[PDB]
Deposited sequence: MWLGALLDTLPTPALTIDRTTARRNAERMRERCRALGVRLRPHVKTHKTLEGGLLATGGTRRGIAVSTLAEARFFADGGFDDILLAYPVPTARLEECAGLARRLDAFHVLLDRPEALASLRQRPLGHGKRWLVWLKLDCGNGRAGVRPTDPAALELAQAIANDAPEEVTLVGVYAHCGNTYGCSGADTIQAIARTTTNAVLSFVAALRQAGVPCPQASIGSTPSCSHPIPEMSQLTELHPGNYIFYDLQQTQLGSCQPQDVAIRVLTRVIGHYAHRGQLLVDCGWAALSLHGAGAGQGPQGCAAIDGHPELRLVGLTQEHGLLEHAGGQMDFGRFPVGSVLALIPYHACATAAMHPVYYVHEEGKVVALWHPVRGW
């Protein structure tokens, strides 16, 4: 246990979260939504922590999105509610989904196939509770396409075919496509194509008389530079924005000062005959994200000079011709990881801090 400890005292490699930066990130996204007049349902997958969720959620512990039944359970066990399982409802685990729907005032699920509706229908929740269902629209990983007349029919069914057992809460899209882009304008165009598609669908839905009270989109890059059409929605659900990361910096969603995550590592050897620094951060601590070479898995914070050039499980090699005097063995560097969600999943504890000193330890759940 390390309360109060100075950062470069921790056993590395060690994932670190600047609680100042995080709180700042949470409140900033809360305000954007306030500004747009819509609700924020933060996704928890970058941190999978109660504390994390608590920040995102402004202290309220209600209205979030999870990627696994593990997180659902964890969050439910920690007192959260209004929990959306942002994932095509897993028909092979319905006893569990029903379990949570019964504990919770509001447990929401998504689906995108008529068969999924069938499966729900044959596992009625009972107790007056109805399956709160959202229709995942693909505007291109999963969901139904809004122009496919099949989407309309499916909405129709979820909403109406059994209103005592199933209800259509809204439509749900995740504009993840914004990750292949580059710079704010193409981010916004994907936001716009997605916002408008969704808006047209709902238009079509009102016209046909299919009640659909909510409409959800969002990803860190589109919600980092929100666009006016968005206020015609009811909720945005980004998540990663609480931490941010190198990729997010490269995309333009944020400035470096916004990235709350680092992986602290130590210089544990010099290698003059190959000009390389040796660090105790391998990929067990960092993950291979941003490689498919290693140069782009991470940046050495405060040191454009150095770049990662190798990663074994428990080692990384750094290069500059070098300067080993500036980097005595035992000195700590701070790696800026490419994909926050991925680094986060390699750590059983996060060292959370303020003013260089450790202030808390968050423990994420994992598994399925």
Numbering from 1, run down the deposited sequence and write out every stretch that has no C-alpha in the structure.
140-141, 295-297, 326-328
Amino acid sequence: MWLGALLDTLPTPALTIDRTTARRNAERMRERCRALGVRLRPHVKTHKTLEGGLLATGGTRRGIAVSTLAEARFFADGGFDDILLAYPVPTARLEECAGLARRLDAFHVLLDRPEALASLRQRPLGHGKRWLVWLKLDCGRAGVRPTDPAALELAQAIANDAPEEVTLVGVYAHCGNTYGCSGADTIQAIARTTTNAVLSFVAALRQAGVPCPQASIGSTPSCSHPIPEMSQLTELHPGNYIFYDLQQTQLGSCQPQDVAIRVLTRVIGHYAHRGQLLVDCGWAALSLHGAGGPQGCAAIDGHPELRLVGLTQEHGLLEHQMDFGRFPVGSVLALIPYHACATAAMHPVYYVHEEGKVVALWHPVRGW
From here on, numbers count along this sequence of modelled residues.
Output yes if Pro114 is unmodelled in at least a third of the other compared entries of this protein, no if it is modelled in all of them.
no
Other compared entries missing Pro238, a third or more
no
Return whichever of 54-62 and 299-307 has the greater mean Cα B factor according to the PDB record.
299-307
The stretch whose C-alpha atoms carry the larger average B-factor in the entry, 340-348 or 21-29, is 21-29
For the listed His108, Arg141, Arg266, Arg206, which has the peak Cα B-factor recorded in the PDB entry?
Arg141
Comparing recorded Cα B-factors across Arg262, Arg73, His237, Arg274, which one is largest?
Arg274
Comparing against every modelled residue in the chain, figure out the third that the C-alpha B-factor of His174 lands in (lowest, middle or highest).
middle
Which third of the chain holds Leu333 when residues are ordered by C-alpha B factor: lowest, middle or highest?
middle
Could you look up the Cα B-factor of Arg34 in the entry and say which third of the chain it sits in: lowest, middle or highest?
middle
Using the temperature factors of the C-alpha atoms in this entry, rank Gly79 within its chain: lowest, middle or highest third.
lowest
Consider only the C-alpha atoms of the modelled residues in this chain, order them by B-factor as the entry records it, and name the third containing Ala157: lowest, middle or highest.
highest
